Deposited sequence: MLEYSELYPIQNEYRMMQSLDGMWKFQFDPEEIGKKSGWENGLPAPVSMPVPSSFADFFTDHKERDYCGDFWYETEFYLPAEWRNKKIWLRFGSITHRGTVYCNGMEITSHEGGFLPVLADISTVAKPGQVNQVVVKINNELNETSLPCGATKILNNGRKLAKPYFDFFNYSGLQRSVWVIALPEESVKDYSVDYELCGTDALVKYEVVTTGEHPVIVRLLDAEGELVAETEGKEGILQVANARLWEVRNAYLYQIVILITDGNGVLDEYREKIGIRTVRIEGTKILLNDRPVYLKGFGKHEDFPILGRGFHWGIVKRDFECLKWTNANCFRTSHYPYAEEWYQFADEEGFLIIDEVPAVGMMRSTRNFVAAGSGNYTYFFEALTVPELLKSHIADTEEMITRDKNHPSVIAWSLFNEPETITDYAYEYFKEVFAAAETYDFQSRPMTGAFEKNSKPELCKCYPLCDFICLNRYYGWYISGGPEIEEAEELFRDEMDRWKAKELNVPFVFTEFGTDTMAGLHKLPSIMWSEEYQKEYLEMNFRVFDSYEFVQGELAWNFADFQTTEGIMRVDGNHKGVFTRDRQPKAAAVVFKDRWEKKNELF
C-alpha cells in the first residue's frame, strides 16, 4: 500500500485533529460538480453530520434514496507547528467511492466504502492557516466493485440503487475523519505473530518504516512495565510468564515501536495487542491450544437515524447485550466495521470473523470479472493490513453467498485466497459463507477454506411453518451428506434465523411470531448438536436492521434477536440459556 493503515495516535512525533462535526453537503444529480469548481467549495450546501449515513435525516424520498454523485466540505485550522511534516487526511471510510480534494487540489481517489482512505496533503497543506477539504463521493452499485449491484435510471435521469445484497445502501462519510501529521521517517506498518512456549510466549514481529534508521521494539504489560525489548525491524520478543489473551477474558500488552537516530527518537508508534494463537486441528477450532465453540451473531453497522454512522454508544450497548447473551463471537457481516469495534472486542475478549464486502456475486463468466477480482483482492489487502494485529480477529471471511459450483468460480476464489495468504502475517483461518445453492455434491470452493461456514434457513425459506418437521428432515439430510464427505474440517453456521415482529404472538406459533423464532431455533440446535464437526453457531442477526424496501421486508430485516433499538425479543433468552 502507498499509505499506512495504522490507527492514528498523538504523541511527541505524531499529531492528530478530529474533523468530525457538521460538514457542508450537496447533492449532485447532474454530475456537474467537478465541471463547476465544487472542489473549491460547494455552491449551495446544507449541513451534514460526520460521522453518519446521510439518508435517514431527510424527510423526502428523493433525498433518502439519492443515488449518484454527492459532495462533502469542511474547513479546519492547521497549527503552524505541523509545518513540513507528512500531513495526511484520514477517513475511516468513504462510501462507496470518492475523490479527496484539499485546498482545491486533487489528492487521491479510492474505491471501496468500508476501509480507511488516506490522502497525502503534505505538499498542499497550509500550516498556520485555514484549510479546506472537499470530497466527491459516489454511491452507485455495479459489478466491478464490492458490494455488487446495479443502478436503475428512472424518470428524469434519477438514479436508484438496486443492491444484489440484503442491506440498505447507506453511504456518505460514515466514520470518523482526522487530519494527522507524521514524522518524515515513520512507522508505516507492523505485524505480530505468536507462539506459546509453556508458561512463556514469543511475539514474532516485522516493522515497515519509510526510512533506514534503526528500530527498537518494546513490549509493556497492562501496567506499563517493560517485559521485553529487541532491536531491528524484524525480531522476537520473549515474554516470561505471559498473560494470554483469552476468550471473554482479555489481557492486552502494549507494543512500542521506536525509530532512532543516534541519540534521539524520530518516531514512536504504540498499540495494544493480545498474545493468543488460533489454530484449526481436525474439526476443532483451538484458541491458545484449547477448543472453542463459537457462539454469537452476524451483526451490521446499523442504528436508527445514524444508519451505519459510527458511535461509541452503539458499541457499548451492543457489547453489553452480547455479554448478556453469553456470546463469544461475531462476524462483521458484510463488510469491515469501524476500527473502533475491533479495539473494543480486543478489550472485551470477543472473537471476530472479519468479512470483506464480497456479497451479491450470484456471474463469474462476465467480462467484468477480472476488474471485480482486482477490487476484491484490493479490499482483502486493505482489510487484512488494517486488522491483522487485533487479537480479537481470528478468521477472515472472503465472501458471503457467491456462486461456487462452476470452474469459473473456483479459479476466481483461488486468486483471492492466494492473495489473502500473502497479506496475513499470522496466516489465520480463512473461510467464506456458503448459501444453500452451494450443494455438497456441486460446490467446488469449500476445499479452499480452513473451516466451512454455512448460511441455512431450514424452517424459514425452506419448508417453513407447518412444514418445519420436513425442514428438520431436509436439514439432517444435507448435514448427513456433509458428514459422509469426511472432510475433517470444522463447520460453523454463520446464518440461521426467522423474521420476527416484536409483539407478534401466536399460539400455535406462526412464521413471523416471537414464538416461532423460539421453536425454529430449538429445532436448529437439535440438528447442530447431532454432528460432531459443528464448531460454532452465529445467528442471523444480532439486531433488526435496514434493507431496501420491498414486499418481503417490513421496515427492513426482522431476523434480529434484538430490536433495532437494541431490546431483546423472546428468543434472546433462548440463546442466553443455551450459551451459558
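- Positions of the deposited sequence absent from the coordinates, in order: 1, 364 to 379, 598 to 603.
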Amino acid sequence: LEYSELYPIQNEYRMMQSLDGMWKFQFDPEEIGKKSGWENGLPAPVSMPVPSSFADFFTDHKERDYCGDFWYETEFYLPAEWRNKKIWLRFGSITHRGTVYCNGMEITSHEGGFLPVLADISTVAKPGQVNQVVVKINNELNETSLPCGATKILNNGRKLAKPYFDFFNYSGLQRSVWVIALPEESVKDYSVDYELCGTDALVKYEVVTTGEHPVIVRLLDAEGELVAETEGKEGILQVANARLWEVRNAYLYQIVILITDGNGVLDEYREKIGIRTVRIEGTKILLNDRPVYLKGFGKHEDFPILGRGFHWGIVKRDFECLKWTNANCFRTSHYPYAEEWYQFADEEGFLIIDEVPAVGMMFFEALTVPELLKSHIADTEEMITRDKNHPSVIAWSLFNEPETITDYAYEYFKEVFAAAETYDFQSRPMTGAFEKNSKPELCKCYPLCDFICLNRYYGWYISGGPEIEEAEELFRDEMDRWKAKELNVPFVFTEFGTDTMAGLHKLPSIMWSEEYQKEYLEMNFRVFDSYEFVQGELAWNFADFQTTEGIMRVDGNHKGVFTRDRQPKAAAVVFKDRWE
From here on, numbers count along this sequence of modelled residues.
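For clarity, a rigid core is taken as the largest C-alpha set superposing within 1.5 Å between two forms.
- After superposition on the rigid core, the larger root-mean-square Cα deviation in 7 other deposited structures of this protein belongs to 399 to 407, not to the other of 399 to 407 and 418 to 426.
- When the other structures are laid on the shown form by the core, the C-alphas of 149 to 157 and 290 to 298 differ in how far they drift in 7 other deposited structures of this protein; the larger average drift belongs to 149 to 157.
- In none of the other PDB entries of this protein that model the residues around it does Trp71 lack coordinates, well short of a third.
- The records show that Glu365 is omitted from the coordinate set of at least a third of the other eligible entries of this protein.
- Stretches 42 to 50 and 509 to 517 differ in mean CA B factor, with 42 to 50 having the higher one.
- In this crystal structure, the stretch out of 219 to 227 and 437 to 445 whose C-alpha atoms carry the higher mean B factor is 437 to 445.
- Across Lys316, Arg243, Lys136, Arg456, the entry's maximum B-factor at the CA atom is seen for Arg243.
- For the set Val492, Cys329, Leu115, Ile280, the PDB entry puts the maximum C-alpha B factor at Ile280.
- Sort the modelled residues of the chain by CA B factor and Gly262 lands in the highest third.
- For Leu398, the recorded CA temperature factor ranks within the middle third of the chain's modelled residues.
- When all modelled residues of the chain are sorted by CA temperature factor, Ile180 is found within the middle third.
- The PDB entry assigns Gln238 a C-alpha temperature factor belonging to the highest third of its chain's modelled residues.
- In the deposited entry, the Cα temperature factor of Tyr205 sits in the top third of values across the chain's modelled residues.
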